[PDB]
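# Structure at a glance
If you want the building blocks of each chain, they are given just below.
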4 protein chains.
Amino acid sequence: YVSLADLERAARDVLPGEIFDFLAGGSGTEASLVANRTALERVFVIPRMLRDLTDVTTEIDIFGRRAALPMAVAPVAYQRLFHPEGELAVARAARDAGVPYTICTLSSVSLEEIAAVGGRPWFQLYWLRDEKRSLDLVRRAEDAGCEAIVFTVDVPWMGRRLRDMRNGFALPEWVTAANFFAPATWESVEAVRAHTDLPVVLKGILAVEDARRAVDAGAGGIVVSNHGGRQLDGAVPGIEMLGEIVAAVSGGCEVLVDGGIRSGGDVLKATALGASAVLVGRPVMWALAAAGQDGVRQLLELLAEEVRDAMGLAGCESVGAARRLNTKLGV
Amino acid sequence: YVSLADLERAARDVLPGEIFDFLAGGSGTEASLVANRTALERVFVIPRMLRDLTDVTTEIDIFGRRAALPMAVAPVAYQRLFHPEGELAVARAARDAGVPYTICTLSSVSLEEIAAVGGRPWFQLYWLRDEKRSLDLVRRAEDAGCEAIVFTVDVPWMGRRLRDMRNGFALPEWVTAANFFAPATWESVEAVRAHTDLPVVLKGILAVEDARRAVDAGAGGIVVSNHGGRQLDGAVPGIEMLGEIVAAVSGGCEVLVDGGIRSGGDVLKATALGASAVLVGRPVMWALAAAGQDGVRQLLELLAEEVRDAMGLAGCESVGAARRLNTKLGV
Amino acid sequence: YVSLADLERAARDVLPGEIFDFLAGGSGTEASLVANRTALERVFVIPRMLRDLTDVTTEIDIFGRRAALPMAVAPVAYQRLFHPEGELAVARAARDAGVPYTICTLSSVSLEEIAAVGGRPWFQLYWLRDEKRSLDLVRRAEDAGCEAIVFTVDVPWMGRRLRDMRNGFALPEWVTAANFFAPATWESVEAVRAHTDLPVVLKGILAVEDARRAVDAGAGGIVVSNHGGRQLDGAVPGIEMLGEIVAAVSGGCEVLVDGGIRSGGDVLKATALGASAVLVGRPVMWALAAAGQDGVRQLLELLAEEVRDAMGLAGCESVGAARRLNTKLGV
Amino acid sequence: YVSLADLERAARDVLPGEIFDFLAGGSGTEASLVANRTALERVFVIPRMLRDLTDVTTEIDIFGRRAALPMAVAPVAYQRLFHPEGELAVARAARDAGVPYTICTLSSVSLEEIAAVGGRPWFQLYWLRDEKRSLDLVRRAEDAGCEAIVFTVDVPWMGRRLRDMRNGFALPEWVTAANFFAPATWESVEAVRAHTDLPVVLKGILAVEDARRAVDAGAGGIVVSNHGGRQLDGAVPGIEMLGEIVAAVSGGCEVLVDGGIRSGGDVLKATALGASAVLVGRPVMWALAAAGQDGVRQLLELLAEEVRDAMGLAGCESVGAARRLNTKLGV
Ligand SMILES: Cc1cc2nc3c(=O)[nH]c(=O)nc-3n(C[C@H](O)[C@H](O)[C@H](O)COP(=O)(O)O)c2cc1C
Ligand SMILES: Cc1cc2nc3c(=O)[nH]c(=O)nc-3n(C[C@H](O)[C@H](O)[C@H](O)COP(=O)(O)O)c2cc1C
Ligand SMILES: Cc1cc2nc3c(=O)[nH]c(=O)nc-3n(C[C@H](O)[C@H](O)[C@H](O)COP(=O)(O)O)c2cc1C
Ligand SMILES: Cc1cc2nc3c(=O)[nH]c(=O)nc-3n(C[C@H](O)[C@H](O)[C@H](O)COP(=O)(O)O)c2cc1C
Ligand SMILES: O=C(O)[C@@H](O)C(F)(F)c1ccccc1
Ligand SMILES: O=C(O)[C@@H](O)C(F)(F)c1ccccc1
Ligand SMILES: O=C(O)[C@@H](O)C(F)(F)c1ccccc1
Ligand SMILES: O=C(O)[C@@H](O)C(F)(F)c1ccccc1
């Protein structure tokens, strides 16, 4: 594989159509899904030349841990849909690559089993029916060694997935929510923040004042995101809000972004717009479907090579230097 | 049906081509018809997160009545062209859905029969040869229980419908103007305003100063509209004038918009740009052609679900909150 | 024919390919040819409503004469290429329609014969080898009753017509320059201005300061034009310079525009951007090729109907009102 | 050949696919490769009329020598890949056309042999493992009569050429680096500047402050360039940075540009944006592949004719006048 696009083909070949559609699809007309890519393709980097590249490093420190790349694996529910080893395969490859892995509330392997793999696990929280059971998942995650709580805030309910509706898609009986819902509010965030010493990261922020409020609320990070175009159809891409959000929080929390990151060059664009790190979702599942743990390993090695390549070609010996790059929007 | 686009296909299958063309077409090169859709697709919403959604309501109060959605059925002439029950089928479904229905001057069932269905009927006025007969239609409408007069102001004459001209389209003899024309001016508006206690709504306003003058003239509302691209070919889409018009009237009248609204997400966009409500035209006729009253019921249920979905995903418990959303224009 | 596009098809059918290419083509990659259309399609009009349309008139006064439309037939060389009656057919139809006709220096019928048709003939000048012979053409034109000299200023030499080069196109022996070249300068303009009492109109102005200088030089008009994309490939469309040019000359001369005008709606756009009038080139030749004098008559009747339609739908009882319309650029 | 596009076809026919791909391709997704063309196509020139064109000249003085056009042949490695005479064929044609030829560090004929052809040779430097051997190439070039050192600064390493990777492309054994690498820094530039009296030209500058620093560092010129989209995928096109760079250096060095120049009109655009001259890469190799030295001669004659044509049509008797043209960005 010489690009991430190589893996999507392989995944399309092996996966049942309705499962590929569950993975690929978005809500409504998929306007926001498409816009995530459009928006990245309009960004051009202004590279710097003639700088010292003797020790280029793609490493970052985030939420108290070194990561090998400014990247984590996005939360993706029910990974056994894509390969029999599901979350274990992905978590093992992420660990070996030095990349944080986000364990889902709706994981198809229990969070404790996935955490036992080691590495840098984060835990993604969906708010439950009750504060006490929500906080129990959080406590489980913390007890198991997860190092951040990624509280997803853009799913008061699931968006309208028309591919799933037309396919009559349902979870096969051989996939379960192995850790076993209500709309979250700012009160829910405070309940979580008070219940853990772990950094709380709010995933799904797009409005500048919600980013500001996240910092005021004690969040250690946010993910600027429209949930891969799966939630509000017509939601602005995170990448188009990122610069304004980074300016507004002025270093008060980590600012991650996701949606359509498909190469090391895309990681560089995100960094140049001010992101601390990116999440990558669908491509990690393509790699998992295509070739299991080894597939995910190959994807992460490819991404690592592309990130180093893009950084050096842009004159950046560190991710902090890449954040100081300027950009120019094209057509 | 999981989207409005499902219904257009069914309508295309059942309707005679020249009738489908009468419905689908625009004037001239159909530049304004296409631009209505382009313009909506360029609008992205910036959703808010973590707000209280315990009692999301899509209801609005407009022209003295509660409506179930920020939506009314647009005036569409000669609905028996599309189904034998014509206006009665549509009016019944609108009533049952809690949506206002606009009875046309050129209705193929008399305005009194359609009003007898109940619900929230509005009446759309085309200015006639003479002030006295124009005012008679208005008086008929008011006597029959219509609750607003939608005075169409962008048809001094009918636009050049090239599909109709190439098809040699004419009303079949089995369709008549069951209520049975000159250019309207501001004097005509005043004649109507003086003749009724009902709110007068000027449909087809695009210039900011015409919106201002509408308020000065005593209009209770305007519809920002290029008549679905059927009148001036090259007229700006209403959605591209809406924000500027809403700012200029500064609460002095209701500001509705139409043209290309095809989903609950589109309703949300219109609301976020400042609209009080939208009108929906062609899709209601697709539903009527495809499946009569039941078809229109299904369309309105779908739209209601999509509007509630979009509002909640955008953090809006009410339509007023949706009007306070920000937007960002894309490419 | 219900549109100008109807006629192009007919012309394509009847004309030898190399002659159709001579007519349709532009210079270089035809970037400017295409951009003339792109640019018009991006312009949207903001129509006014509810104005008095009791006596809508499309007439204008220009260069001392009433014209039936804000339009003239552009200079097009060698019209016998397209029909045996050539310039006589076009001039007769223009006369009957009340539209000025521009007689070319490179006409295939002598300027005196074409002037004898009557109507409102203008004369287009290409600067010759010598001042004295140039001025002789001007004097011939004036003696024959031409009412303006349209001095073409964007052809120091003919552009690179790659269609013509690939076709090995040459004038057939049955077409001649019946009135029988060096780069023109501002000195040439002054020589012409001093030699005639007729208004001198500079055709091919695109730079704002060249428009200003044209007024200073005593021009009665300019045509803002990139010569239909036939001269500099990459020249900005006239329609994209028009508003800035109209503002800069501030009523000091008539400002016409051409390039891609293909409907009455396009005439309205040009007027709303500030043009006094438009020229129309290729469509008049399509009509000539398709059906001779009668074809040109039909085209001009169609354009007249479309101009009246567009004006009234936009709330304009006169061309001066249409010049006060606002516009909004789309995508 | 009536355009540069004629030659690409011929080259595609004759060259082995993997060699055509080596020539045509870019890095990554080829976003920057495509953007070079997009960016040029969006630029429109505002031509001037009625100026004296009695002695139009396309000549410029640059780096102490007259050149026949504001153009040089870009450095392209390993030209024997495209024709058996390789660099000798191209250098001979460039000499005969009065165009500088850039001899590459990775030339497939020795720099001394190519310099012996005569003409105006420049020498392109890739920084080597060691300062002393780097400076030896520079000294060789100067001894052999090269008149500028074009130090390529955007290749700390070669970009990711996915076409080459998928083709498994490697140099055939019949092509060698006949003159026989580490990342260059500003220290390397100073080492070169101190080692030669020749002007040093930094090729691959895109950031405005790198252009400023180039002048401060004693560079005689820069080439604003993204290396033909072959280095950082997502790097902004040089043509989109050119105007800002020209303003920032304020005459302190020559500012060249390359990337996608494919006609005399493109040369005019570059000049109007402020370039001193352009480089042309791939088209020169198309001509070489198609027809050897004679092919390159034909290409340069065509470009010369197109440049003269574009300049005169734009009212420019000199390249300095063309630099004073205004432009307008289109869609
Ligand atoms: C199949 C699938 C399942 C997902 N499940 C979750 C989830 O359980 N929790 C969550 O916060 N995001 C979930 N996401 C959203 C991703 O974390 C991410 O925001 C999105 O995929 C955008 O990134 P991408 O374009 O790289 O896929 C899911 C996305 C996909 C495609
Ligand atoms: C077939 C058809 C008939 C219409 N008849 C009327 C009419 O009688 N009066 C009126 O004011 N608008 C009329 N309209 C315009 C609509 O009210 C509305 O402005 C337009 O269709 C744009 O909305 P849409 O894109 O949702 O169809 C008609 C539209 C269509 C398509
Ligand atoms: C076949 C042809 C011949 C033309 N001959 C002349 C000419 O002799 N003199 C002139 O000033 N313009 C000439 N023009 C330019 C036109 O007057 C006009 O500027 C151009 O066609 C743009 O208008 P259009 O898009 O309506 O064709 C010619 C154009 C065409 C297509
Ligand atoms: C096959 C090929 C080889 C090249 N080799 C070199 C090189 O050795 N040194 C260099 O500075 N640029 C090299 N370049 C870049 C060119 O000098 C130039 O920047 C680029 O091709 C953009 O111009 P174009 O679009 O006219 O090809 C090469 C380009 C190509 C296509
Ligand atoms: O985007 C997703 O699929 C998840 O975030 C979800 F939580 F919304 C979800 C999980 C499982 C099935 C449908 C939606
Ligand atoms: O857009 C429409 O079709 C109506 O608004 C109309 F009034 F213009 C009309 C009604 C019937 C036939 C043609 C136009
Ligand atoms: O655009 C044109 O064809 C004319 O304006 C011309 F004068 F340039 C010309 C006339 C006849 C043949 C080629 C060009
Ligand atoms: O763009 C290029 O091909 C050259 O500039 C290069 F130096 F990068 C190079 C030369 C030979 C093989 C691969 C890259």
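Residues numbered from 1 in each chain as written, not as in the entry; some residues may be left out. Chains lettered and ligands numbered in written order. Heavy atoms only, no water.

X-ray crystallography is the method the PDB entry lists for this structure, together with a resolution of 1.350 Å.

### Digging into the UniProt feature "binding site: a 2-oxocarboxylate" in chain A
All names here are of chain A. The positions UniProt marks with the feature "binding site: a 2-oxocarboxylate" are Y126, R161 and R230. With near-sequence residues (within four places) excluded, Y126 lies in contact with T105, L106, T152, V155, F181 and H227. Counting through the fold element by element, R161 comes out in the loop between β7 (149–152) and α7 (162–167). Residue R161 is classed as buried on the basis of its relative accessible area of 9%. Setting aside chain neighbours within four positions, we find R161 in contact with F22, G26, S27, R230 and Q231. (UniProt positions renumbered as here; feature names shortened; annotations may be inferred. Contact = heavy atoms within 4.5 Å. Helix = DSSP H or I, 4+ residues; strand = E, 2+ residues; numbered from the N terminus. Buried < 20%, exposed > 50% of the residue type's maximum accessible area, 1.4 Å probe, protein only.)

### Things to note about the site of ligand 8
All names here are of chain D. Taken together, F22, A77, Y78, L106, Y126, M158, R161, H227 and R230 are the residues near ligand 8. In the model, an oxygen atom of ligand 8 is placed 2.6 Å from a nitrogen or oxygen of the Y126 side chain. A distance of 2.8 Å is found between an oxygen atom of ligand 8 and a side-chain nitrogen or oxygen belonging to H227. Burial of ligand 8 by the protein amounts to 80% of the accessible area it has alone, namely 330 Å². Its residues assigned to classes, the shell around ligand 8 shows six nonpolar, one polar and two charged. (Near = heavy atom within 4 Å. Polar contact = N/O pair within 3.5 Å; in protein donor to acceptor, adjacent residues only side chain to side chain. Areas by Shrake-Rupley, 256 points an atom, 1.4 Å probe, with all protein chains shown as cover. Nonpolar A, V, L, I, M, F, W, Y, C, P; charged D, E, K, R; others polar.)

### Details of a negative patch on the surface
Where like charges cluster on the molecular surface, the negative patch consists of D52(A), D55(A), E131(D) and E187(D). Tracing the sequence through the fold places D55(A) in the loop between β1 (43–46) and β2 (60–62). Residue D55(A) is classed as exposed on the basis of its relative accessible area, which comes to 59%. (Patch = residues over 30% accessible without salt bridge, like charges linked within 9 Å, V, L, I, M, F, W, Y side chains within 5 Å. Salt bridge = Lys/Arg side-chain N within 4 Å of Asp/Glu carboxyl O. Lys, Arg positive; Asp, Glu negative; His and termini not counted. Charge placed at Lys NZ, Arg CZ, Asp CG, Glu CD.)

### Quick look at the side chain of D154(D)
Tracing the chain through its elements places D154(D) in the loop between β7 (149–152) and α7 (162–167). Those residues in contact with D154(D), other than ones at most four positions away along the chain, are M49(A), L313(A), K203(D), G204(D), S225(D), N226(D), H227(D) and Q231(D).

### Notes on the interface of chain C and chain D
Facing the 32 residues of chain C at the interface are 27 residues of chain D. Across the chain C/chain D interface, buried area totals approximately 2,500 Å², and carbon plus sulfur atoms make up 69% of it. The largest per-residue losses of area from chain C upon contact with chain D belong to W157(C), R160(C) and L232(C), which jointly make up 28% of the total buried on that side. Where chain C touches chain D, the interface holds two salt bridges. For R48(D), the salt bridge goes to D210(C), with nearest N and O atoms at 2.8 Å. The interface formed by chain C and chain D holds eight residue pairs in polar contact in total. Residue classes in the side of chain C that touches chain D are distributed as 19 nonpolar, six polar and seven charged. (Buried area = accessible area lost by both parts, 1.4 Å probe.)

### So, the arrangement of the chains
Over all C-alpha pairs, chain A and chain C never come within contact, reaching a minimum spacing of 12 Å. Regarding chain B and chain D, the two do not touch, and the least distance separating their C-alpha atoms is 12 Å.

### With respect to the interface of chain D and chain A
For interface size, the figure often reported is the accessible area lost on association. On the chain A side, the residues contacting the 32 residues of chain D number 27 residues. In this assembly, chain D packs against chain A so that about 2,500 Å² is buried in total across both faces, 69% of it on carbon and sulfur atoms. Three residues stand out in chain D for area buried against chain A, namely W157(D), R160(D) and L232(D), and they jointly supply 28% of the buried area on that side. Here chain D and chain A share two salt bridges between them. For the pair chain D and chain A, the interface holds eight residue pairs in polar contact. If you list the elements that add at least two residues to the side of chain D that touches chain A, you get α3 (31–41), α7, α8 (186–195), β8 (200–205), α9 (208–216) and α10 (238–249) of chain D.

### Some thoughts on the nonpolar core
Counting 531 residues, the largest nonpolar core has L202(A), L202(B), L202(C) and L202(D) as the members making the most contacts within it. In this structure, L202(B) is in contact with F151(B), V153(B), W186(B), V189(B), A214(B), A219(B), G221(B), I222(B), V223(B) and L50(C), ignoring residues within four places of it in sequence. (Core = buried A, V, L, I, M, F, W, Y, C linked by side-chain atoms within 4.5 Å.)

### Re helix α9 (residues 208–216) of chain C
Residues and elements named next belong to chain C. Residues of α9 that are buried include every one of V208, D210, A211 and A214, and no others. With its buried residues spanning 165 degrees around the axis, α9 presents them on a single face. If you follow the buried residues of α9, they end up packed against α8 (186–195), β8 (200–205), β9 (221–224) and α10 (238–249). Directly after α9, the chain includes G218, whose backbone phi takes a positive value near 95 degrees. (Arc of directions from axis to C-beta.)

### Regarding unusual backbone geometry
Located in the positive-phi region is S250(A), a residue other than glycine, with phi close to 40 degrees. Mapped onto the elements of the fold, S250(A) is located in the loop between α10 (238–249) and β10 (254–257). One non-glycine residue with positive phi stands out, namely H227(C), at about 60 degrees. Relative to the helices and strands, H227(C) is located in the loop between β9 and α10.

### Quick look at the packing of helix α11 (residues 264–272) of chain D against helix α12 (residues 282–313) of chain D
Two packed helices can be described by the angle between their axes and the distance between those axes. Residues and elements named next belong to chain D. Two elements in contact, α11 and α12, have axes separated by 7 Å at closest approach and are oriented at 55 degrees. By the angle class used here, α11 and α12 are oblique. Considering only the axes of α11 and α12, their crossing is right-handed. Of α12, the residues touching α11 (which contributes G264, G265, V267 and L268) are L303, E306, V307, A310 and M311. Residues of the contact of α11 with α12, tallied by class, amount to six nonpolar, two polar and one charged. (Axes fitted to C-alpha atoms, helices over the stretch in contact; angles between N-to-C directions. Parallel < 35°, antiparallel > 145°, perpendicular 65-115°, else oblique. Left-handed = near helix turned anticlockwise from the far one by under 90°.)

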